[PDB]
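Chemist: This structure is in structure tokens; I'll ask about it shortly.
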Amino acid sequence: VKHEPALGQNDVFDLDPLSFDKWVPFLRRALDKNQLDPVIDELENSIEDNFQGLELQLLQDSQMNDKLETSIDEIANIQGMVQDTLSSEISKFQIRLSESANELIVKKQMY
Amino acid sequence: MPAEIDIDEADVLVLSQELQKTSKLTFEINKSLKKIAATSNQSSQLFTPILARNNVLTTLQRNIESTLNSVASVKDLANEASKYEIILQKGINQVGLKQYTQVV
Amino acid sequence: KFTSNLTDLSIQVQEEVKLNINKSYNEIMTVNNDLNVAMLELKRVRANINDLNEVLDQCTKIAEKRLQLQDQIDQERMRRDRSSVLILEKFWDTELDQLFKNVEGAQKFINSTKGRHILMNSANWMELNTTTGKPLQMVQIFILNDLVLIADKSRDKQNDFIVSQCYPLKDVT
Amino acid sequence: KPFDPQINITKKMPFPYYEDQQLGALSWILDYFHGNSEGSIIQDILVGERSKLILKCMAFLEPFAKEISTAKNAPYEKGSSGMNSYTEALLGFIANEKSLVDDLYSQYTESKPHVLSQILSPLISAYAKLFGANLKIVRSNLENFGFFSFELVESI
Amino acid sequence: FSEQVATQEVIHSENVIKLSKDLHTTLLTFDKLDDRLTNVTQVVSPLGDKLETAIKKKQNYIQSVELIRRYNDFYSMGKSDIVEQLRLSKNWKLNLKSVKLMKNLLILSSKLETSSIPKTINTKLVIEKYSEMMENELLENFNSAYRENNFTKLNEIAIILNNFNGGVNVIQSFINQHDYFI
């Protein structure tokens, strides 16, 4: 996902996409006349967002799909081994703290 | 030294307090499999049906998109293949990555 | 007509599998993205937990290494009872890490800096004007091993050079 | 392109590393050439590309390390030949060799360290050669140059 | 006597002995720990591998459209402030000053090369100022006027307006809103 933010106008920095921000707006529209002659090149940059946007849209859903299998499968088996290793850690401080208070209890008997 | 002689209960129980700090490391370990394995189960179930929809592409739309031309005719492939002697003889960098390679 | 079915079912395949599966990987692999950051930083601090297995399950196994180095010593073959340093060395390097808890608290060094092995307590005693019975300014109570620092840490928010109503404990009444 | 790797040792600069404008088309062209199964071929070609380029940059630093210019001054006498930097950029381009080569994968692939053998076994022979060269200018006389051998020890 | 030395015997001997045995078993546990961690991140190579696919032409489309409605503002004619917030949603709430008055000044700041030079950035910042004044009345309506809204209408509507900052102007609109009686 990662969209629908405020974003206006974050990184003011007009990005000069086909340099259409540079050519129409920043070279023929330098002192606020245009963007009306340049607004046509902005809607033309929206058609260019449909052709550039369609072009990237083709490559958007293009890389697929084989397999990331053991991402899920090793997520499952490694999650179960993560549960058993968590049993080894809770067991580790179980017997470990058991010895700690055990010989700290016989060491409290040394107190 | 001059009076500290009972150091076993205090340095060793302080080491057991360090083991209680290492019991807080066991809280970092149960926290480790808790947060990490929670991300494992959560992203796992979160993206298993993403593998069922990527599988819907990768099984149904895969061999569906393959067997589009299960029967397809004789002259038309010469026509658009000749149009890929148009487009394949435009170079690579004009045409582009999956443009060129997918026309291949 | 099967080519019309290619336009319908295959425009459904490319358009609808690409857009619908684009929602599956967009939203669901966005959950795999942020949850990938969760298991990512969880893997980093998990490696810090593996470092804690060296920092505690090996450091207290270094304490155990001195321990079974002393039962491995076992040199009675009773006066070899000084089997710990961490009776002195790491116990006044842990209590000189109470000269680092002291030196952090400061908590002498300022200029006493002698012996606070058990810098035994600190309290928040807002003092009283002992004659009139009204309150005085506040004071941290720094009860060290053998010297007292009844220090007004106001507005000395350190605990570097706070107002040291100080004396030694051997004649403190 | 070629360059003196000492220039990336004098200025200590990071070593060349190709990037994703290629690499997407590269790995794409690879598994694309595992549908075509000739990724082994263009792989061996690529062993050609980077192996020869290490013969180019490491042809720059053949000069100050084939000749250990301190023969018998005291005997040893400076600790200061250039087999050190030779072996330095040899290992560091072995490093970006290792990363940059073994990046580009559909992850499970067999011949990735076998590629590393295909690229570096000749450069194993290159170090074996110049190892021969300083092995014989530091030869035929203990204290020729006899202490300076220890830096060779360093290098090996 | 050997009661105390029996505490030395059982406590010291068993403590050292089971300290080494339990800590060595704990070292085997740490071996399983780095085992599962290595297999874990090694399985988490597909995370980054799929995670390169963040195709931010979405950012070029919200940014290109941001240039588009920015130019609708930059015709000195961006009257698209649906009244006046837009009500109950413009991102999720009052965002006519959030995404757009910050684009009136920040897109007044959006200088490509020359790009409607500082004659336009000033009055575009006066659209940031008019939408900022209505923004002040807006979050003033959110939290300063209500002042009865224990719900999100004070909380997540001014905090929905928390792309605008300076909430001690709202505390100024608490000595003029809630301590206005005071």
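Simple scheme: letters A, B, ... for chains in structure tokens order, numbers from 1 for residues in each chain, numbers from 1 for ligands in the order shown.
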Quick check for you: according to DSSP on this backbone, which residues of region 13-170 of chain C are classed as helix (DSSP H, G or I)? Reply as a VMD selection string.

Modeler: chain C and resid 13 to 55 60 to 70 100 to 105 169 to 170

Chemist: Find the residues around residue 127 (chain C) up to 6 Å (only C-alpha atoms counted), leave out those fewer than 2 positions away in its own chain, and share them as a VMD selection string.

Modeler: chain C and resid 125 135 to 138

Chemist: Contacts of residue 21 (chain E) at 12 Å or less, counting only C-alpha atoms, minus same-chain residues fewer than 6 places along, as a PyMOL selection string?

Modeler: (chain A and resi 92+95-96+99) or (chain C and resi 61+64-65+67-68) or (chain E and resi 14-15+27-28)

Chemist: Kindly save the residues from that selection, with C-alpha atoms included, as a PDB file, in the first residue's frame.

Modeler:
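Dumped everything to part.pdb:
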```
ATOM      1  CA  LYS A  92      16.946 -21.746  30.928  1.00  0.00           C
ATOM      2  CA  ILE A  95      16.563 -24.012  36.109  1.00  0.00           C
ATOM      3  CA  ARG A  96      19.039 -21.118  36.094  1.00  0.00           C
ATOM      4  CA  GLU A  99      19.942 -22.600  40.950  1.00  0.00           C
TER       5      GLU A  99
ATOM      6  CA  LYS C  61      29.244 -18.344  32.983  1.00  0.00           C
ATOM      7  CA  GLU C  64      30.715 -19.750  36.836  1.00  0.00           C
ATOM      8  CA  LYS C  65      34.079 -20.203  35.119  1.00  0.00           C
ATOM      9  CA  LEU C  67      33.417 -20.755  40.304  1.00  0.00           C
ATOM     10  CA  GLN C  68      34.230 -24.132  38.768  1.00  0.00           C
TER      11      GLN C  68
ATOM     12  CA  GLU E  14      27.078 -27.654  44.161  1.00  0.00           C
ATOM     13  CA  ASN E  15      26.958 -23.984  43.114  1.00  0.00           C
ATOM     14  CA  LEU E  27      25.697 -22.453  26.049  1.00  0.00           C
ATOM     15  CA  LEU E  28      24.034 -25.294  24.139  1.00  0.00           C
TER      16      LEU E  28
END
```

Chemist: Do you know which residues are at most 9 Å from residue 23 (chain B) counting only C-alpha atoms, after dropping those on the same chain fewer than 2 positions away, and could you put them as a count of residues only?

Modeler: 14

Chemist: Hey, list the chain C side of the contact with chain A: 10 Å cut-off, only C-alpha atoms, answer as a PyMOL selection string.

Modeler: chain C and resi 14-15+17-19+21-31+33-34+57

Chemist: What lies within 10 Å of residue 8 (chain B) using only C-alpha atoms, ignoring chain neighbours under 4 positions off, as an MDAnalysis selection string?

Modeler: (chainID A and resid 103:104 107:108 110:111) or (chainID B and resid 4 12:15) or (chainID C and resid 84 86:87 91) or (chainID E and resid 12)

Chemist: Can you write out the residues you just picked, keeping N, CA and C atoms, as a PDB file, in the first residue's frame?

Modeler:
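The resulting file, again_11.pdb, is reproduced below:
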```pdb
ATOM      1  N   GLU A 103      21.262 -21.878  45.449  1.00  0.00           N
ATOM      2  CA  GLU A 103      22.528 -21.651  46.124  1.00  0.00           C
ATOM      3  C   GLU A 103      22.688 -20.209  46.575  1.00  0.00           C
ATOM      4  N   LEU A 104      21.735 -19.338  46.246  1.00  0.00           N
ATOM      5  CA  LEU A 104      21.636 -18.071  46.957  1.00  0.00           C
ATOM      6  C   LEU A 104      20.767 -18.224  48.191  1.00  0.00           C
ATOM      7  N   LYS A 107      23.377 -19.946  50.044  1.00  0.00           N
ATOM      8  CA  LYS A 107      24.325 -18.866  50.268  1.00  0.00           C
ATOM      9  C   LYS A 107      23.727 -17.811  51.178  1.00  0.00           C
ATOM     10  N   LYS A 108      22.398 -17.743  51.244  1.00  0.00           N
ATOM     11  CA  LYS A 108      21.754 -17.044  52.345  1.00  0.00           C
ATOM     12  C   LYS A 108      21.887 -17.844  53.632  1.00  0.00           C
ATOM     13  N   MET A 110      24.764 -19.295  53.956  1.00  0.00           N
ATOM     14  CA  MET A 110      26.094 -18.780  54.251  1.00  0.00           C
ATOM     15  C   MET A 110      26.003 -17.376  54.824  1.00  0.00           C
ATOM     16  N   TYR A 111      24.853 -16.722  54.642  1.00  0.00           N
ATOM     17  CA  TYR A 111      24.504 -15.572  55.460  1.00  0.00           C
ATOM     18  C   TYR A 111      23.791 -16.001  56.732  1.00  0.00           C
TER      19      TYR A 111
ATOM     20  N   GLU B   4      34.623  -6.578  54.553  1.00  0.00           N
ATOM     21  CA  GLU B   4      33.749  -7.300  53.632  1.00  0.00           C
ATOM     22  C   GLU B   4      34.218  -8.744  53.555  1.00  0.00           C
ATOM     23  N   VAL B  12      27.096 -12.690  44.927  1.00  0.00           N
ATOM     24  CA  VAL B  12      26.496 -13.814  44.212  1.00  0.00           C
ATOM     25  C   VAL B  12      24.999 -13.611  44.051  1.00  0.00           C
ATOM     26  N   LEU B  13      24.328 -13.070  45.069  1.00  0.00           N
ATOM     27  CA  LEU B  13      22.934 -12.705  44.863  1.00  0.00           C
ATOM     28  C   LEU B  13      22.807 -11.453  44.011  1.00  0.00           C
ATOM     29  N   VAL B  14      23.830 -10.596  44.003  1.00  0.00           N
ATOM     30  CA  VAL B  14      23.892  -9.535  43.005  1.00  0.00           C
ATOM     31  C   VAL B  14      24.122 -10.137  41.631  1.00  0.00           C
ATOM     32  N   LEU B  15      24.894 -11.220  41.563  1.00  0.00           N
ATOM     33  CA  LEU B  15      24.974 -12.006  40.344  1.00  0.00           C
ATOM     34  C   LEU B  15      23.685 -12.770  40.086  1.00  0.00           C
TER      35      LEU B  15
ATOM     36  N   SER C  84      37.107 -16.204  45.585  1.00  0.00           N
ATOM     37  CA  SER C  84      36.366 -15.207  44.837  1.00  0.00           C
ATOM     38  C   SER C  84      37.152 -13.909  44.793  1.00  0.00           C
ATOM     39  N   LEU C  86      35.626 -10.542  43.120  1.00  0.00           N
ATOM     40  CA  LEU C  86      34.163 -10.694  43.272  1.00  0.00           C
ATOM     41  C   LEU C  86      33.899 -11.328  44.626  1.00  0.00           C
ATOM     42  N   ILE C  87      34.954 -11.405  45.429  1.00  0.00           N
ATOM     43  CA  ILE C  87      34.882 -11.079  46.840  1.00  0.00           C
ATOM     44  C   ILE C  87      35.585  -9.762  47.119  1.00  0.00           C
ATOM     45  N   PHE C  91      34.015  -7.349  43.348  1.00  0.00           N
ATOM     46  CA  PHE C  91      33.050  -6.950  44.361  1.00  0.00           C
ATOM     47  C   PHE C  91      33.314  -5.529  44.829  1.00  0.00           C
TER      48      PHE C  91
ATOM     49  N   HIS E  12      28.981 -24.084  47.942  1.00  0.00           N
ATOM     50  CA  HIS E  12      30.096 -23.756  47.057  1.00  0.00           C
ATOM     51  C   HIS E  12      30.326 -24.853  46.025  1.00  0.00           C
TER      52      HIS E  12
END
```
